[PDB]
Amino acid sequence: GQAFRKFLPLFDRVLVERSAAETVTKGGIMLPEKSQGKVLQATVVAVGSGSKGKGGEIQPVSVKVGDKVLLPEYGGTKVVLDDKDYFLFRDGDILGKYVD
Amino acid sequence: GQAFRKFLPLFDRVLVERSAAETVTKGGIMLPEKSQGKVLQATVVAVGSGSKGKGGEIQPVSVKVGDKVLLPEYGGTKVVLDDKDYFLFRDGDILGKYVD
Amino acid sequence: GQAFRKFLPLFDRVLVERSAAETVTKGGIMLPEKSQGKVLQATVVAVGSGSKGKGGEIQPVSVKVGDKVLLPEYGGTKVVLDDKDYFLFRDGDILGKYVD
Amino acid sequence: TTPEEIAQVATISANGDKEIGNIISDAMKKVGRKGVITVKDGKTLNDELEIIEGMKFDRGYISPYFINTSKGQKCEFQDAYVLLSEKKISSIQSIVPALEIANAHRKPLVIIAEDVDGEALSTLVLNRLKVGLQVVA
């Protein structure tokens, strides 16, 4: 597992930072902050050790630290680290990651 | 397993004590005690033997005694030891621990 | 398994006697008998043979006869033996035992 | 400047009744010239003056069993503790520690509250009747 700001999630939980919500369109129209909702794009800042779905060995998490991922609408837990918001999800709850 | 105040939890249950609620801010503004809610930061004071998810051996608990952990908002059992409150959770219910 | 008063529970069921309800305080104030509720502290008076979660062998019960245990608020079955009340729980339903 | 002038004014204003003026002079001597004097009906032939001292309010006890003096159906204590609250006392835990101090110091306890619910009232009456705790709600 990888720790982020003295916090290490347990089992297959993944701690992510949501991306900054957009406020200005490509043409230059300012957007209201209340009508932005929650950003479904995040970056993985902490990973756990993994689950025990098969006996014996320990399964690594599919995502790693520094991977941009797409979050579902629900299923996250709010964690306040250094008065900053981060979201805890499960390894299987992540939809897919952006490769480059 | 480890016993705290002559109490040893069974299976993979973990007994923790919640941290003290914040009474003043960083600048010096007092907070009312009725609006604090429940503290999600705890420290592990007792651990069980563990569960038997795989046949044969018994799996030790992920956390140990003296580990600061983050609790979920639901899923705790109140235990009164020496007229003091402690909370029983499961091993999988713990979100993540603080490593220092 | 161990039989108590010509009664032996089957599988992993555990028969306990609830502790006596507190009637006076440490200073000497009498308590009404209607506001006591149910005592969560019990002593194990009978144990079963155990369950069969893994094939082949039969897993013994974690608790033994004469162990003080903490009960959950739900999950008990009332058994009347010699016109006295005893409570049947499961082995996994027991929260933890008091070691000394 | 004198209570005689007070009695004379109250006598003249009451159509020459000297007893009304005397009783108003006595009331103003007792509670002060700027004190509270209230007129009400009487069930007797003669007018009477009653001086209420201290802090008397229009609320009786919650439980009839608190009577320790049956000569006038009243609860009477000397050198008592007072527990005052504007919230209704309902739970056991909100009433046990005050009873603990009142039992340790061996002093009566008057609990002035908005109300007392059934649980705390049953605790108070059970301690008053069984072991003999000097309490009144």
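In what follows, chains carry the letters A, B, and so on, assigned in the order in which the sequence lines appear, proteins first and then strands, with residues in each chain numbered from 1. Quick note: numbers below take in every heavy atom, side chains included, and nothing from hydrogens, waters or symmetry partners.
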- Could you tell me which non-hydrogen atom of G28(C) sits nearest to which non-hydrogen atom of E100(D), and how far apart they are? N-OE1, 3.7 Å

- Message: Are more than 12 heavy atoms, taken from residues, nucleotides or ligands other than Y65(D), located less than 6.0 Å from that residue's OH atom?
- Response: no

- Calculate, to the nearest 0.5 Å, the distance between atoms CE and CG belonging to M30(C) and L129(D) respectively. 12.0 Å

- Tell me, yes or no, whether the heavy-atom count around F11(C) atom CZ, taken from other residues, nucleotides or ligands under 6.0 Å, exceeds 12. no

- Task: Verify the neighbour count for atom CD of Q73(D): are there more than 12 heavy atoms of other residues, nucleotides or ligands below 6.0 Å?
- Result: yes

- Task: Step through the shown structure and confirm whether more than 12 heavy atoms of other residues, nucleotides or ligands are within 6.0 Å of NZ on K54(C).
- Result: yes

- Note on the structure: Applying a strict 4.5 Å limit to non-hydrogen atoms, the region of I92(D) in contact with chain C is side chain

- Message: Let me confirm one number: the CD1-CG distance from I29(C) to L133(D), rounded to the nearest 0.5 Å.
- Response: 5.0 Å

- Is atom CG of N15(D) surrounded by more than 12 heavy atoms (other residues, nucleotides or ligands) closer than 6.0 Å? no

- Message: Does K38(C), at its NZ atom, have more than 12 non-hydrogen atoms belonging to other residues, nucleotides or ligands within less than 6.0 Å?
- Response: no

- Item | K34(C) versus chain D, the contacting section by heavy-atom distance below 4.5 Å | neither

- Query: Between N103(D) and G27(C), what is the shortest heavy-atom contact and its length?
  - Reply: ND2-O, 4.0 Å

- Apply side chain to side chain contact (heavy atoms under 4.5 Å, CB included) to the pair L126(D) and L31(C), showing each step before the final yes or no. CA-CA 8 Å; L126(D) 193 140; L31(C) 285 320; over 6 Å; no

